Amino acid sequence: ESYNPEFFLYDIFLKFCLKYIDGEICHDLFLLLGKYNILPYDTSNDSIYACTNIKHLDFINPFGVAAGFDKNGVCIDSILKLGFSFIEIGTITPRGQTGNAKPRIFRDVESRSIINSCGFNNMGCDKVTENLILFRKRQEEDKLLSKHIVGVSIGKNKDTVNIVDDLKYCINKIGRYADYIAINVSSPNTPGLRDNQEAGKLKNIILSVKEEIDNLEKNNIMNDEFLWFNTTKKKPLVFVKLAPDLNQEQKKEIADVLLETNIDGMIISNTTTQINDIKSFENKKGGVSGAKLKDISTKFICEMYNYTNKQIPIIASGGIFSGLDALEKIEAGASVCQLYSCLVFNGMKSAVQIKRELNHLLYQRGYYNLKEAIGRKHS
């Protein structure tokens, strides 16, 4: 039963690969398998009591795959069929980029931590749009994917002067195929990008992105071909992805801007540059993921949930491995969870296992459904 994601051999390979094989090389191999549809798949029916929503986005379960896992959208079907309800492809930029010099991704099995300085390696918005279009055409005839959601994370080329130009370019090309757009102002690996989390800069960025999406709708809704070729059949929602490396004053000013601009959600959070007690990383560059980011991002969720007076839905990212980790994120304020590091260290069985653990937890904790648990830490 090689098709079962819990098949015993997959973990044996994984322990070997995390020990002896370059991290990005391992990731390249996974992506190439997905193209040929030979990966295992999860055929379990998800519990309707663990579904969740952000506005009209109806997630069949609360676990998606975070951005940067399938940067080019070449592996969408196979990753989703592992048991995930959505994936955020990207981050994409208008032109392609090879990113920073390799090797640039390292993992620490002991601490379940990753450090990376990728630098927005992607094929560029136009080619990734073609990859997403192909998925959307497959989705239209594969009824078993008709409720899965795909968001697109968008950013800037390294040498772009005005970030807004690049975000508008991505909207006008790929926006009609996305269920949501994630604005990436939090990668630690593009010089200057995090400066755009300043309140005035962030406000202009959000308003510009929304205006570009609204103009896309205004200018094309009369067309014969239906504009929204996505899961929702609606214009994409807009999220912002924030960095955990901010002081309390910045978080509050950002929260005020999010309230004024009517952002549809905030992804909390990106990788951190403040962890340096991990010896095998100590002469390394970039952002840190995994278990050592869990507490950092969970507290950040609590702060932003309260700073935005619970008016802005939260997408949790950071150190989520277990059902209990996920429940901490949800009770802290998140409506839905994204995984990355869990996949690297737990492998093919990641979504089957975390969904089963979370279901058992909702039972033990006396919740009727998952939505009941959202923000319950603050009750």
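Note that the rigid core is defined as the largest set of C-alphas that superpose within 1.5 Å between two forms. Quick note: we count residues from 1 along the sequence shown, nothing fancier.
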*Find the stretch among 237-245 and 212-220 with the larger RMS C-alpha deviation in 4 other deposited structures of this protein, all structures being superposed on the shown form by the rigid core.*
212-220
*Per the entry, higher mean C-alpha B factor between 321-329 and 36-44*: 36-44
*Per the PDB record, is the mean Cα temperature factor higher over 15-23 or over 352-360?*
15-23
_Residue of maximum C-alpha B factor among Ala67, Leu29, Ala334, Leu57, per deposited coordinates_ = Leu29
*Specify which of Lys235, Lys158, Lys71, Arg138 carries the largest Cα B factor in the deposited PDB entry.*
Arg138
*If you rank the chain by CA B-factor, which third does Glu253 end up in: lowest, middle or highest?*
middle
*Quick one: classify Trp228 as lowest, middle or highest third of the chain based on its Cα B-factor.*
middle
_Test of reading the entry: by CA B factor among the chain's modelled residues, which third contains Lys285?_
highest
*For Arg176, the third of its chain into which the C-alpha B factor falls*: lowest
*Lowest, middle or highest third: where is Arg107 by Cα B-factor in its chain?*
highest
